[PDB]
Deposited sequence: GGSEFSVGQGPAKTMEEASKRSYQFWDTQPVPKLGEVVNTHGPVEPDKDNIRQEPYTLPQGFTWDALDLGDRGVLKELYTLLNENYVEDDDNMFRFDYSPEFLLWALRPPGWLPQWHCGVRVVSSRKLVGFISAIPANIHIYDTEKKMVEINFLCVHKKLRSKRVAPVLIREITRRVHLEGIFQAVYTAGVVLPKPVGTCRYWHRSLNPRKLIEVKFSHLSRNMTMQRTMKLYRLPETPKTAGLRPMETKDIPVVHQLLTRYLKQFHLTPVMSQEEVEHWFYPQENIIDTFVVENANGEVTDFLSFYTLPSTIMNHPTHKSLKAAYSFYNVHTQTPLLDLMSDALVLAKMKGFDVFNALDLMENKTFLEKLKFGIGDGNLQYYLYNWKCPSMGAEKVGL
C-alpha cells in the first residue's frame, strides 16, 4: 500500500503526486523556491467527490460535530506497523491542534455521506510562518488527512489534498508543510522516532515494547528507573508571565536549524502554555529570576487495539541556554514520569541525537518524513529539522 522505505519507494509510481507541484523523488535539488508560480485566479467551486459524498466544513466549536471528528480520528487515523495502537484524541487536544491563532473554519474540511451525513473524511490547514534556509514564507500546516476505513483506496485522499489546496489558495497561501510516516515525493528531511520507557511493565504487557533478549521484568524496571523528583534548580511550570521570555528563547534557539516555525508571541502562548492532558511546559528560572531554559512535551495517548489505554508523552520544543540539554531532557523524563506517563517519545531532530542514547531512548520502527508543497529546496539532515 504505502511505501515506508526509500528503497520501497523505488517501486511506487505516483499517479497523483506526479501532477502536484512537488519535486521528483530521484531528483537532487540545488535550488530554493516554489515549484510553480502563484495562481491569480482560484477555482471557486469545490472539487467533485465520488457520488454519495459531499463537503462540509467542520465547526469544531460545535460539540457534537467535534465529537464526530475525534470519533473519526480515534477509529480511522494513524496506526502502528502492526495495527496494534491508534492515537486517542481528546476533544480539547483537537481544539489545541486545530484552533491556533489564525485558524479558519473552512480549513476544517470534512467529507460526509450525503444520505446519512456520517463523517467519513477530514483534512485540516492551520496558518504557519515557516523558515526554510534563507526564506521565511507564510504557509499552512496540513494535518489530519483521514479517510474512513470503508472508503479506502477509492481516491478520496487526492480530493481532500486538492480541495484543501484550493481553500488555502483562496486565502493567498501557496506553500504548505506536512509530515507523514510514508514516503512520497519528496521528503525534505527524514526523522526517526525514539522511545524512552517510563512504565516498562505496562508497555511490555500490551506488547508496545519487548524485553530485550536477556532481561527480566524486574531487571528492566531498574534499568529505566528514574529519580522521584527533578534535578534542575528552579524548574517550575510555565506561567503567563513567562510567555515573552519563552517566545524569546524559542525564537533565538530555532535560528540554528533550517526548517522551523516562526511564532508570534500569541502563537507561542497557544502552543506552549500548559494545558492538562495536552501540553506541558516547564521553565528554568535561575537564581537571578531570569528564565534561561525550558522543556516541553505534549500529551497524546495511544489506544490499544487489542484492549485499556496507554498514556504517552511526545517531546515538543526543548530550549537550552545555560542548563545542559541532557539535564533538561532528564528532567523532562522525571517530570513525565511523575505525571503518570508510560513512555516518552521524541524524534532525532534538532539536537535530540546528542541525548537519545545517553537517556536510554530506544530507536523506533517508524520514520517521520517532512515535506513542503510547492517549494523546491535541498533536503536536510534530521538534526536540521526543527519542526
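J.: Give me the ranges of the deposited sequence that have no CA atoms here, in sequence order.
T.: 1-9, 317-319 are the stretches of the deposited chain that have no C-alpha coordinates in the structure.
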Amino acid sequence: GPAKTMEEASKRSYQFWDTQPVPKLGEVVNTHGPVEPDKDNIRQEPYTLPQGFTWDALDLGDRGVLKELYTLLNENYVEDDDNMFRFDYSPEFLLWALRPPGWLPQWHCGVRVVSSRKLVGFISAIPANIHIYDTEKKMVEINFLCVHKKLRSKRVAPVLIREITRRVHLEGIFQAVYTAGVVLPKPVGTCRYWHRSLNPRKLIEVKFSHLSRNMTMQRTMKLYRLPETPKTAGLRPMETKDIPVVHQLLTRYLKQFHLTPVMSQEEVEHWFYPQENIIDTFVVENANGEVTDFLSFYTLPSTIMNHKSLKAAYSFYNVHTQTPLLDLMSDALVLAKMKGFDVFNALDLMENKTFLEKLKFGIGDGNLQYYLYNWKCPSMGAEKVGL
From here on, numbers count along this sequence of modelled residues.
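Rigid core: the largest C-alpha set superposing within 1.5 Å between the two forms.
J.: To spell it out: superpose each other structure in 8 other deposited structures of this protein onto this one by the rigid core, compute Cα RMS over structures and residues for 187-195 and for 215-223. Which is larger?
T.: The stretch that sits farther from the shown form in 8 other deposited structures of this protein is 215-223.
J.: Pick between 219-227 and 111-119: the one whose mean CA B-factor in the entry is higher.
T.: Comparing averages over the C-alpha atoms only gives 219-227.
J.: Taking only the CA atoms, which stretch has the higher mean B-factor in the record, 80-88 or 157-165?
T.: For C-alpha atoms only, the mean B-factor is higher in 80-88.
J.: Per the PDB entry, which option out of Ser309, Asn286, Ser315, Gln106 has the greatest Cα B factor?
T.: That would be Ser309, according to the entry.
J.: Between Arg236, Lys149, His270, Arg99, where does the Cα B-factor run highest in the record?
T.: Each of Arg236, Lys149, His270, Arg99 was compared by C-alpha B-factor; the highest is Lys149.
J.: Would you please rank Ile204 by its C-alpha temperature factor against the other modelled residues of its chain and give the third it falls in: lowest, middle or highest?
T.: Highest third, going by the recorded CA B-factors of the chain.
J.: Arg43's Cα B-factor: lowest, middle or highest third of the chain?
T.: Its C-alpha B-factor belongs to the lowest third of this chain's values.
J.: Report the third (lowest, middle or highest) to which the CA temperature factor of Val183 belongs, ranking only the modelled residues of the same chain.
T.: Answer is middle: the recorded C-alpha B-factor places it there.
J.: Ranking every modelled residue in this chain by its Cα temperature factor as given in the entry, which third contains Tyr193?
T.: Its C-alpha B-factor belongs to the middle third of this chain's values.
J.: Relative to the other modelled residues in the chain, which third contains the C-alpha temperature factor of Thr31: lowest, middle or highest?
T.: Highest third.
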